[PDB]
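Here's the structure, in structure tokens; my notes come after.
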Amino acid sequence: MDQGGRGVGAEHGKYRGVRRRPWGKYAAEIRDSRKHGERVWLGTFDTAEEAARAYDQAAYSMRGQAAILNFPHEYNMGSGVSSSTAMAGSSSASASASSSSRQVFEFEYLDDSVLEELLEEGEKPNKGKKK
DNA sequence: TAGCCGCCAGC
DNA sequence: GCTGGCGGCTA
């Protein structure tokens, strides 16, 4: 976690789950508790705030419960299935000026969300249980 | 500009 | 040993 980072910095402005290149591009990669450190690449982001979130998805997936991530936002949607109010309300007003503006990925961020609930992307039944 | 690699390093 | 992130060559 902070461990890999100390050379650049024990703890600093950029987030956990993040790499920095000379141009400044940011890079998403994860390894598995269970596969002994093999690396699969979740993606690549410019963005540091949604960075933690790229790792969010991945790491909700891996721990399984009480996932180890920065921040605490929990989201509940009601009543539905039919929650246009909650999409629009939670979304507005959340924005990053430089990154979201790249275009098209505005559409996917603008309706939702900021923090999402996903389940065991990491495991394939049958696998009970992890470590 | 991006990805994979490889040591190494703090929790 | 955990799990990231440095880290810098090559892809």
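Note on naming: letters A, B, ... go to the chains in the order of the sequence lines (proteins, then strands), and numbering restarts at 1 for each one.
Remark: A:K130 engages A:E120 in a salt bridge, criterion side-chain N to carboxylate O under 4.0 Å. Using a 4.0 Å cut-off between charged side-chain N and carboxylate O, A:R102 and A:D46 make a salt bridge. The existence of a salt bridge linking A:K129 and A:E123 is excluded, since no basic side-chain nitrogen approaches an acidic carboxylate oxygen closer than 4.0 Å.
Separating the CZ atom of A:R31 from the P atom of B:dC8 is a distance of 17 Å, rounded to the nearest angstrom.
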Contact list (N/O, under 3.5 angstrom) for nucleotides 9-11 of chain B vs protein:
unit_1: B:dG10; atom_1: OP1; unit_2: A:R6; atom_2: NH1; d: 2.5
unit_1: B:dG10; atom_1: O5'; unit_2: A:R6; atom_2: NH1; d: 3.3
unit_1: B:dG10; atom_1: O3'; unit_2: A:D2; atom_2: OD2; d: 2.8
unit_1: B:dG10; atom_1: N2; unit_2: A:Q3; atom_2: OE1; d: 2.1
unit_1: B:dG10; atom_1: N3; unit_2: A:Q3; atom_2: OE1; d: 3.1
unit_1: B:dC11; atom_1: OP1; unit_2: A:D2; atom_2: OD2; d: 3.2

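Of the two residues near DNA chain C, A:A59 and A:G7, the one whose nearest nucleotide lies more 5' is A:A59.
Pair assignment for C:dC6: B:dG6, on the basis of Watson-Crick or G-U wobble contacts that are both within less than 3.5 Å. Of all nucleotides present, none satisfies the Watson-Crick or G-U wobble test against C:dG1 with each distance under 3.5 Å.
The base of B:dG3 does not come close enough to the side chain of A:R39 for any donor and acceptor atom to sit less than 3.5 Å apart.
The side chain of A:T44 approaches B:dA2 more closely than any other nucleotide in the set C:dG4, C:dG8, B:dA2.
Spacing of P atoms, C:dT3 relative to B:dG6, comes out at 22 Å, to the nearest Å.
There is a side-chain donor-acceptor pair under 3.5 Å between A:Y15 and A:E49.
A close approach under 4.0 Å does not occur between any side-chain nitrogen or oxygen of A:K14 and OP1 or OP2 of C:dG4. Listed pair A:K131 / C:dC2 meets the phosphate criterion, a side-chain N or O lying under 4.0 Å from OP1 or OP2.
Counting non-hydrogen atoms under 4.0 angstrom, A:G37 reaches nothing in the nucleic acid. Here A:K35 lies out of heavy-atom contact (under 4.0 Å) with every strand.
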